[PDB]
Amino acid sequence: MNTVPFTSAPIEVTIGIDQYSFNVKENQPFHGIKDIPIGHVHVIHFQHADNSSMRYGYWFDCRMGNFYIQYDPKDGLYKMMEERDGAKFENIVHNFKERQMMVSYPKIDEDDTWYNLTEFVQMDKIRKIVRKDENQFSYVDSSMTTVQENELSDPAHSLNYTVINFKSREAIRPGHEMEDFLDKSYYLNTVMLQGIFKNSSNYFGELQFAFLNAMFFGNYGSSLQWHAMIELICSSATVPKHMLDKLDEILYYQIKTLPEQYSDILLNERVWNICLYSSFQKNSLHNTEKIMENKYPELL
Amino acid sequence: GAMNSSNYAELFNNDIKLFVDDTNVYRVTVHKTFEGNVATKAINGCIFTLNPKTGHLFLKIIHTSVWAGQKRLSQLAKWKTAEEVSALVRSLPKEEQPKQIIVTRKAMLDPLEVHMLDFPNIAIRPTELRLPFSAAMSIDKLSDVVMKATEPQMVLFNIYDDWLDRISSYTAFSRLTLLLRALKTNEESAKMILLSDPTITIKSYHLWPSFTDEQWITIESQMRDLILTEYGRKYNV
Ligand SMILES: CC(=O)c1ccc(O)cc1
């Protein structure tokens, strides 16, 4: 179990760690988060009390380094940093644990939610979507645009998700126009899986990462990407059987975790009604269809 | 965006454009089987691709053999239409290719867009107007060439005959729309109007009769009248 210490908490802020959150008052004696489970990526995220504008946060993996948080009063935000001096970091953390100034990552032992939301998410792949190679951790916020969004404007601050566009030459073989538009199996299996992602794990990882950025930061372009990657699978007549069963599990836990009052903005009516009721895979998502019908019947 | 009453004059500017109507591409006669079921038999159809400014009509005849052994024909018909329009554009010299293609039915947008991916600078547009282009098969010479076809064929016409020698394309296109509206609303009476007088003939190289300017005024008047004679008979007014 690993620890992310906080220098201090100089402004009032709601702090999130994965699906957990807590409120910290102005200058409250908060010095970080302990007992973070090893083996998964994590995201620490922030919403200031005074300006709920700009949710922002950091994806990180405690296996890759010792990371801490420090408020910057010039740039006005909590920044993640890496400590290169190991004995300094241990002496800092140990002092903070002794004075009990840290919250405990509050994982229930039965509970596999975070694993199921991040099963295919790797730090190495996050760092290629979010390019800032001098850090081991990745910053994301509410306003960052995706490469595809910037085609339709600052490149360094972009989410480089894989561009998916159903009316594009990449998606449509010359002479297979109708076939490829109405059955996207070519585009899914050859262009994207064999060509770009290499395997279904990397595809699902990007899909899961897009969802988490949509949910935790309200990132609109991440939501577009998540829905596009669902739709590409559901609109393919030919999908490996293991991918369909895994997809049902992936979506089930995403829909299960979504705050009930954010569905109006985070869920695209057309995509879900097409995916669940009209597409080739209308019958392949039993778990997702059951939870969607019992939890968001209005959208449908 | 969409083509409507507000931007009607854009039809007659000097940017090349084409309308595409797919109404008459897939044509069937529904009938009873010996077992008392219902079946369709296809008949030859056509794509109606027309330039508003010049009157040039690219009539691609769709022979019934294109449907043989195919499923979901009404869907296929839209993609076949889009394939043939794309082929037509590719066959034209660059300086003759359209800058815009206006489809009369919105279900043609995605099929045509996908087939025209190679032409990112050709705008594909819908229209809010309810044009009577379906009535093209009420023009006797167009109907005759379609039904006689034994194989796929493209036939070129000028749907305005020689009218542009005397009137603008705005009036030429507006005259074509009024004649087609009449043929769609009551074909028999419309055709009676156009041919009642044995002394006005259709030239071999034309589609419509050789009316004088004064006679066209009269002819347009009975068509405007006929579209009201029907609209009353229809709504009781
Ligand atoms: C089609 C038609 O009847 C018509 C009439 C007047 C116009 O100025 C334009 C079109």
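Its PDB header names X-ray crystallography as the technique used to obtain the model and reports a resolution of 1.55 Å.

Q: Just checking my understanding: could you explain the interface of chain A and chain B for this structure?
A: On the chain B side, the residues contacting the eight residues of chain A number nine residues. Our count for the contact surface shared by chain A and chain B stands at three salt bridges. The closest approach of N and O atoms between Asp118(B) and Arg169(A), which form a salt bridge, is 3.0 Å. Run the count over chain A and chain B and you get three residue pairs in polar contact. Considering only residue class, the side of chain A that touches chain B consists of four nonpolar, one polar and three charged.

Q: When you look at helix α6 (residues 185-197) of chain A in this model, what are you seeing that I'm missing?
A: All names here are of chain A. The first and last C-alpha atoms of α6 sit only 15 Å apart over 13 residues, clearly below the 18 Å expected at 1.5 Å per residue. In α6, a bend of some 25° at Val191 exceeds every other bend along the element. Elements in contact with the buried residues of α6: α7 (200-217), α8 (220-234) and α9 (241-257). A positive phi of about 80° marks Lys198, the residue just after α6.

Q: I keep staring at the domain arrangement of chain B and nothing clicks. Help me out?
A: Frequently, the measure chosen for interface size is the accessible area that the parts lose on association. Residue and element names in this part refer to chain B. According to the domain assignment, chain B consists of domain 1 (9-163) and domain 2 (164-237). Distance from the C-alpha centre of domain 1 to the C-alpha centre of domain 2: 23 Å. Taken together, the contacts link 25 residues of domain 1 with 26 residues of domain 2. Both faces considered, domain 1 and domain 2 share a buried interface measuring about 2400 Å² in area, 66% of it formed by carbon and sulfur atoms. In this assembly, domain 1 and domain 2 are joined by one salt bridge.

Q: For this particular structure, what's the right way to read the pairing of strand β7 (residues 66-72) of chain A?
A: Successive residues of a regular strand alternate their side chains across the two faces of the sheet. Residues and elements named next belong to chain A. Of all seven residues in β7, five are buried; the element is thus mostly enclosed. As paired elements, β7 and strand β8 (residues 77-83) share seven bridges and run antiparallel to each other. Directly across from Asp72, in β8, lies its bridge partner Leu77. As consecutive antiparallel partners, β7 and β8 are separated by four residues, and within that stretch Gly76 has a phi angle of approximately 70°, a positive value.

Q: Would you mind going over the sheet that holds strand β7 (residues 123-125) of chain B with me for this structure?
A: The pairing of strands in a sheet happens through backbone hydrogen bonds and is either parallel or antiparallel. Residue and element names in this part refer to chain B. In spatial order, the strands read β7-β6-β1-β4-β5-β8; together these six strands make up an open sheet with mixed pairing. Where the open sheet ends on each side, the last strands, each with one partner, are β7 and β8 (153-158). Ignoring which end each strand starts from, the neighbouring axes of this sheet average 20° apart. In this structure, strand β5 (residues 56-62) lies alongside β8, joined through six bridges in antiparallel fashion.

Q: How do you make sense of the packing of aromatic side chains when you look at a structure like this?
A: The description of an aromatic ring pair uses the distance of the two centres, along with the angle that the planes make with each other. Taken as a whole and judged by the stated rule, the model has 40 aromatic pairs over all chains. Taken together, a centroid distance of 6.2 Å and an interplanar angle of 55° make the contact between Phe6(A) and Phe46(A) tilted. Residue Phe6(A) is found in the loop between β1 (2-5) and β2 (13-17), and its partner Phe46(A) is found in strand β5 (residues 42-48); the two are separated by 40 residues along the sequence. Exposure class is identical for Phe6(A) and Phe46(A). Each is buried. Ring geometry for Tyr8(B) against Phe12(B): centres 5.3 Å apart, planes inclined by 80°, an arrangement best described as edge-to-face.

Q: Could you clarify how one ought to interpret the environment of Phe34(B) in this entry?
A: Along the polypeptide, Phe34(B) turns up in the loop between β2 (27-32) and β3 (38-43). Sequence-wise, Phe34(B) and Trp208(B) are 174 residues apart; in three dimensions their C-alpha atoms are separated by 42 Å.

Q: Can you walk me through empty space enclosed by the protein in this structure?
A: Unfilled space is identified by rolling a water-sized probe across the atoms. Residues and elements named next belong to chain B. Space inside the largest cavity adds up to approximately 40 Å³. Every residue along the wall of the largest cavity is listed here: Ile47, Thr49, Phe58, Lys60, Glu84, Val85, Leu88 and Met154. Among the elements of the structure, β4 (45-50), β5 and α1 (73-91) are those that each provide at least two residues to the lining of the largest cavity. With three residues, the single largest contributor to the lining of the largest cavity is α1.

Q: Would you explain the sheet that holds strand β9 (residues 103-104) of chain A in this entry?
A: Residue and element names in this part refer to chain A. Sheet architecture is open: three strands sit in the order β1-β4-β9, paired in mixed fashion. Whereas interior strands pair on both sides, the edge strands pair on one side only; in this sheet they are β1 and β9. Of the strands in this sheet, β1 and β4 (32-36) are in contact with helix α1 (residues 86-98), which crosses β1 at around 85°.

The rules behind the values
Residues numbered from 1 in each chain as written, not as in the entry; some residues may be left out. Chains lettered and ligands numbered in written order. Heavy atoms only, no water. Residues with missing side-chain atoms left out of burial classes, pairs and counts. Contact = heavy atoms within 4.5 Å. Salt bridge = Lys/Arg side-chain N within 4 Å of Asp/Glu carboxyl O. Polar contact = N/O pair within 3.5 Å; in protein donor to acceptor, adjacent residues only side chain to side chain. Nonpolar A, V, L, I, M, F, W, Y, C, P; charged D, E, K, R; others polar. Helix = DSSP H or I, 4+ residues; strand = E, 2+ residues; numbered from the N terminus. Expected span 1.5 Å × (residues − 1). Bend = angle between axes of the 7 residues up to and from the residue. Domains from an automatic or database assignment. Buried area = accessible area lost by both parts, 1.4 Å probe. Buried < 20%, exposed > 50% of the residue type's maximum accessible area, 1.4 Å probe, protein only. Pairing = 2+ DSSP bridges. Axes fitted to C-alpha atoms, helices over the stretch in contact; angles between N-to-C directions. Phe/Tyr/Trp six-rings, centres within 6.5 Å; stacked < 30°, edge-to-face > 60°. 1 Å grid on protein atoms, 1.4 Å probe; cavity = no way out; pocket = protein on both sides within 12 Å on 5 of 7 lines; lining within 4 Å. Points joined across faces, edges and corners; volume = space filled by probe spheres on them.

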